[PDB]
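Let me begin by presenting the structure, written as structure tokens, before commenting on it.
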Amino acid sequence: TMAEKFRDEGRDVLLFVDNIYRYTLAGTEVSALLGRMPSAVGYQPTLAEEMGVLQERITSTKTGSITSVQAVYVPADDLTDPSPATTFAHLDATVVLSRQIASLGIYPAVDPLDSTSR
Amino acid sequence: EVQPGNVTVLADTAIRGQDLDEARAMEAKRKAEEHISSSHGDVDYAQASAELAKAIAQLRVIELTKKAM
Numbered sequence: 225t226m227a228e229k230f231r232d233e234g235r236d237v238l239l240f241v242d243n244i245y246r247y248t249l250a251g252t253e254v255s256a257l258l259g260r261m262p263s264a265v266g267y268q269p270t271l272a273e274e275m276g277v278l279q280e281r282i283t284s285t286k287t288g289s290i291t292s293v294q295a296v297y298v299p300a301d302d303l304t305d306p307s308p309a310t311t312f313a314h315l316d317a318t319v320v321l322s323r324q325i326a327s328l329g330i331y332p333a334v335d336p337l338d339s340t341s342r
Numbered sequence: 070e071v072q073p074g075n076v077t078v079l080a081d082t083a084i085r086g087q088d089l090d091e092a093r094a095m096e097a098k099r100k101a102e103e104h105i106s107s108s109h110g111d112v113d114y115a116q117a118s119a120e121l122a123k124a125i126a127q128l129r130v131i132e133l134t135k136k137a138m
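Protein chains in written order, with PDB author numbering: chain F, 225 to 342; chain H, 70 to 138.
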């Protein structure tokens, strides 16, 4: 919301979100108590809508622009877990870090065969 | 070659001659001026090598096991 307010003033803004995964995770913890039947690997049924309702309002417009960097934790290093898989679609540039490269001491541990950009 | 109380025959293994050896050298030169090469007779190595080439092919082990190297 603060990023959006700075955008609407006609400015251009930087937005750094240090772990967006924890936004979906905090929903899962609550999802079962709200009386909703569990989905694929435990996540709430509304995972993709809960994620899109946020990711879709962080965007540039004709009055102002938001340039954003989001950290995206992947659980158990599984890039096919529903949350990373459903997050991949919302980004323009995806830089995929990997543990195998980091164990070689090669920082930054970017995987060039998986990072891409629009 | 014969010695006191000993003798040896250093026998040739094939007929030797001015013309035969020159024919063999001529073929040895031709095979090098071209790039023509023959096939070794080790059918056992051929069998095992093709079997190992097909068995090792396309098995995506690395990146299946998380082995960096």
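Virtual Cβ for every residue (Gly too), placed ideally from N, Cα, C.
For the 8 Å CB-CB criterion, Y331 of chain F and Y297 of chain F do not form a contact.
One alpha carbon belongs to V293 of chain F, the other to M275 of chain F, and they sit about 16 Å apart. Between the C-alpha atoms of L337 of chain F and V319 of chain F there is a straight-line separation of about 10 Å. The beta carbon of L321 of chain F does not come within 8 Å of any beta carbon belonging to chain H, so the residue lies off that interface. Residue state for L133 of chain H is assigned as coil, using DSSP reduced to three classes.
A distance below 8 Å separates the beta carbons of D305 of chain F and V265 of chain F. Under the three-state reduction of DSSP, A317 of chain F is assigned to strand.
Distance from the CA atom of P308 of chain F to the CA atom of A227 of chain F, rounded to whole angstroms, is 24 Å. Residue range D236 to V241 is occupied by the beta strand (DSSP E) that includes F240 of chain F. Taking a Cβ-Cβ threshold of 8 Å, the residues of chain F close to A137 of chain H are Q324, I325, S327 and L328, in chain order. Annotation: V254 of chain F is outside any beta strand (DSSP E); the continuous alpha helix (DSSP H) that includes it extends over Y245 to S255.
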